[PDB]
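Trainee: This structure is in structure tokens; I'll ask about it shortly.
Note that each Cβ is placed from the backbone with ideal geometry, even for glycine, and that neighbours are counted across all protein chains shown. Quick note: the coordinates plus some simple rules give every number you see, no bench work behind them.
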Amino acid sequence: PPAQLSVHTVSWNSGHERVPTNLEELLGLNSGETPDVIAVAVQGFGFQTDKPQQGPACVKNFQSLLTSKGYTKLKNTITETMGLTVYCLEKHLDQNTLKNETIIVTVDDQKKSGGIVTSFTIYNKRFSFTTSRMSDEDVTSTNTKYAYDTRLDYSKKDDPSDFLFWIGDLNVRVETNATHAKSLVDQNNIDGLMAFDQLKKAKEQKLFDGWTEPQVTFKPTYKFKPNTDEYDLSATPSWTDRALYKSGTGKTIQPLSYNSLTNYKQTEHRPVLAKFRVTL
Ligand code: HEM
């Protein structure tokens, strides 16, 4: 039992975009780090109805890279609008204790909104990875637009997990006008703009209770004109893709790094990469 383990997470509201050439950058492996656990969350349209038939390239390309580095894919789950994959180094796995489990929650009769939770145990400590997706317009169990449901929160369990991560587009936005938002961004006043971000409002309403976001130092990750760094001001610049963390059991989770990946420009949203060190 190591005293500590590292986790990398990435999410991207990637829409219809395809596997990039440079997956090492996407996963935070380009400076030679070797995280114990990797989670990849996507939001978009048509993943199960793989009409472009891009599923096979995703599997080939991710598998080729990660197996060579000593990872086992614990689970990939795809719905029409979400994807969640969790990888763990083979060396940490004990089949008799792993207890690998995934649930899918859907909130609407078309199965477009909800979330996915994948959980597993290593060294007798339980990890859970959540992603979620909600539309602006739906009726919800919270009567808010935010992509929260108690069923996706394993910290609310009678026996809550040791290490929990929630990654994706939480449907949290910057509640001010585009002019004022752009001005803040031009001044690099990230904390000033974050003052208008809705995560705190969701928490006042008792959603994402006790979940922590690492400090944000990067500019809003949406909405860009593709293949530029120029905001499309038809939307107020916002932080779409987020990483939250919690422990149910008093374990220390230390963010090492939290950043958008500005080199992935192909789309309106920029992926977000988080790195953590967890103490068992
Ligand atoms: C950059 C965008 C995307 C990322 C980062 C991504 C990520 C992933 C990952 C990590 C896997 C599992 C790979 C493995 O087996 O180790 C996967 C599988 C898959 N993805 Fe994606 N995905 C993307 C876009 C898409 C798109 C656009 C489609 C369809 C339109 C799609 C459909 C699939 C399918 C069908 C699978 C296979 C699931 C199975 O084997 O049953 N994904 N994706």
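Trainee: Of all residues in the range 1-14, which are more than 8 Å from the ligand (Cβ to nearest atom) and under 17 Å from the mean Cα position of the chain (by Cα)? Can you show your working first?
Mentor: Of the range 1-14, the ones more than 8 Å from the ligand (Cβ to nearest atom) are 1-9, 11, 13.
Residues satisfying the conditions are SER6, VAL7, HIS8, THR9, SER11, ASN13.
Trainee: Could you count how many residues in the range 142-179 are more than 16 Å from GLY115 (Cα to Cα) and in contact with a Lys or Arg (Cβ under 7 Å, 6 or more places away or on another chain)? Break it down into steps so the answer makes sense when it comes.
Mentor: First, pick out the residues of the range 142-179 that are more than 16 Å from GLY115 (Cα to Cα): 143, 157-163, 173-179.
Then keep just the ones that are in contact with a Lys or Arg (Cβ under 7 Å, 6 or more places away or on another chain); that gives 161-163.
Count: 3.
Trainee: Next up: Can you find, within the range 78-100, the residue that is surrounded by the fewest Cβ atoms within 10 Å (Cβ to Cβ) among those that are in a loop (DSSP other than H, G, I, E, B) and touching a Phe, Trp or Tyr at 6+ places or on another chain (Cβ under 6 Å)?
Mentor: The first filter runs over the range 78-100 and keeps only residues in a loop (DSSP other than H, G, I, E, B), leaving 79-81, 93-100.
With the extra rule that they be touching a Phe, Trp or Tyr at 6+ places or on another chain (Cβ under 6 Å), the set shrinks to 98, 100.
Numbers: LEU98: 16, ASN100: 14.
My answer is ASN100.
Trainee: In the range 134-187, which residues are more than 25 Å from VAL216 (Cα to Cα), out of contact with any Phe, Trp or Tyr (no Cβ under 9 Å at 6 or more places or on another chain) and not in a helix (DSSP H, G or I)?
Mentor: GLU137, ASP138, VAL139, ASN143, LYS156, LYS157, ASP158, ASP159
Trainee: Of the residues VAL40, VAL59, which is touching a strand residue (DSSP E or B) at 6+ places or on another chain (Cβ under 9 Å), of a type in the set (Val, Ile, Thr) and either more than 22 Å from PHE224 (Cβ to Cβ) or in a loop (DSSP other than H, G, I, E, B) (or both)? Spell out the reasoning first.
Mentor: Working: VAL40 fails: either more than 22 Å from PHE224 (Cβ to Cβ) or in a loop (DSSP other than H, G, I, E, B) (or both).
Of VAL40, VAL59, the one residue that is touching a strand residue (DSSP E or B) at 6+ places or on another chain (Cβ under 9 Å), of a type in the set (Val, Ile, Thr) and either more than 22 Å from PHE224 (Cβ to Cβ) or in a loop (DSSP other than H, G, I, E, B) (or both) is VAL59.
Trainee: Checking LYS206 against (1) over 25 Å from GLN254 (Cβ atoms); (2) touching a residue at least 24 places away in the same chain (Cβ under 8 Å); (3) basic (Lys, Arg): exactly one of these is not met. Which one?
Mentor: (2)
Trainee: Of the residues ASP229, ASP209, which single one is more than 16 Å from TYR258 (Cβ to Cβ), within 18 Å of the chain's Cα centre (by Cα) and surrounded by fewer than 18 Cβ atoms within 10 Å (Cβ to Cβ)?
Mentor: On the way: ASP229 fails: within 18 Å of the chain's Cα centre (by Cα).
The match here is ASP209.
Trainee: For the condition within 14 Å of the ligand (Cβ to nearest atom), over 28 Å from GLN110 (Cβ atoms) and without any contact (Cβ under 8 Å) to a residue 12 or more places away in the chain, what is the one hit in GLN95, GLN63, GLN53? Explain how you work it out, then say what you get.
Mentor: Numbers: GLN95 fails: within 14 Å of the ligand (Cβ to nearest atom); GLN53 fails: over 28 Å from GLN110 (Cβ atoms).
After applying the criteria, what remains is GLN63.
Trainee: Quickly run through the range 101-123 and pick out the residues that are of a type in the set (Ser, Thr, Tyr), touching a strand residue (DSSP E or B) at 6+ places or on another chain (Cβ under 7 Å) and in a strand (DSSP E or B).
Mentor: Our first condition is that a residue be of a type in the set (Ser, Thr, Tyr); within the range 101-123, this holds for 102, 106, 113, 118-119, 121, 123.
The next check asks that each one be touching a strand residue (DSSP E or B) at 6+ places or on another chain (Cβ under 7 Å); those that pass are 102, 106, 113, 118-119.
Once the filter is applied, which keeps residues that are of a type in the set (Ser, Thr, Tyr), touching a strand residue (DSSP E or B) at 6+ places or on another chain (Cβ under 7 Å) and in a strand (DSSP E or B), the range 101-123 yields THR102, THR106, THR118, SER119.
Trainee: Still on this structure, I have one more. Kindly indicate which of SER119, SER132, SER31 is more than 15 Å from the ligand (Cβ to nearest atom), of a type in the set (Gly, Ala, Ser) and under 14 Å from the mean Cα position of the chain (by Cα). I'd like the intermediate steps shown before the answer.
Mentor: Working: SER119 fails: under 14 Å from the mean Cα position of the chain (by Cα); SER31 fails: under 14 Å from the mean Cα position of the chain (by Cα).
Exactly one of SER119, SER132, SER31 is more than 15 Å from the ligand (Cβ to nearest atom), of a type in the set (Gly, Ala, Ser) and under 14 Å from the mean Cα position of the chain (by Cα), namely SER132.
Trainee: If you don't mind, another one. What about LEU184, is it aliphatic (A, V, I, L, M) and free of Cβ contacts under 8 Å to residues at least 12 places away in the same chain?
Mentor: Criteria met by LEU184.
Trainee: If you don't mind, there's one more thing I want to ask. Pairs, please: C-beta under 7 Å, at least 6 apart or cross-chain, first residue at positive phi and in the range 20-43, second more than 9 Å from the ligand (Cβ to nearest atom)?
Mentor: So the pair list comes out as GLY28/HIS8; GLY28/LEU273; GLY28/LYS275.
Trainee: Would you mention how many residues in the range 232-272 are crowded, with 20+ Cβ neighbours inside 10 Å and among the basic types (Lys, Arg)?
Mentor: Here the count works out to 3.
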